[PDB]
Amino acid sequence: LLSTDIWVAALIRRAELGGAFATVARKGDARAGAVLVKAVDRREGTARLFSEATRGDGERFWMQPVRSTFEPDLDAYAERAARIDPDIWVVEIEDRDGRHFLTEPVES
């Protein structure tokens, strides 16, 4: 369907327009690479990590494959994810409200 780099450009653009700091921490495969999104809440001093999942009808949503108030656990997960999948993208978003700027549904 849509090349990952196009989707990543839209996410970065949206986050930057919202006042967040958004950067590509790992540039994966342009056309079909999976994406990890690390959303850091600057105010609460906490962070979340989102990975891709699908519903029994093919609809895309975001799941949290690891949950921790200790940010280095999310960094440990991202490093392992890039060994498991060398085509993976990692996008880090730093926002005053911890917004992830994702348009697809998210698992709380």
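For every residue, the number given is its place in the sequence shown, counted from 1.
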Between the two ranges 48-56 and 29-37, the one averaging a larger CA B factor in the entry: 48-56
Would 39-47 or 62-70 have the larger average of its C-alpha temperature factors, as given in the entry? 39-47
Using the B-factors in the PDB entry, rank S108's C-alpha atom against the chain and give the third, lowest, middle or highest. highest
Please rank the C-alpha B-factors of the chain's modelled residues and tell me whether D85 sits in the lowest, middle or highest third. middle
Sorting the chain's modelled residues by C-alpha B-factor and splitting them into thirds places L11 in the lowest
Which third of the chain holds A20 when residues are ordered by C-alpha B factor: lowest, middle or highest? highest
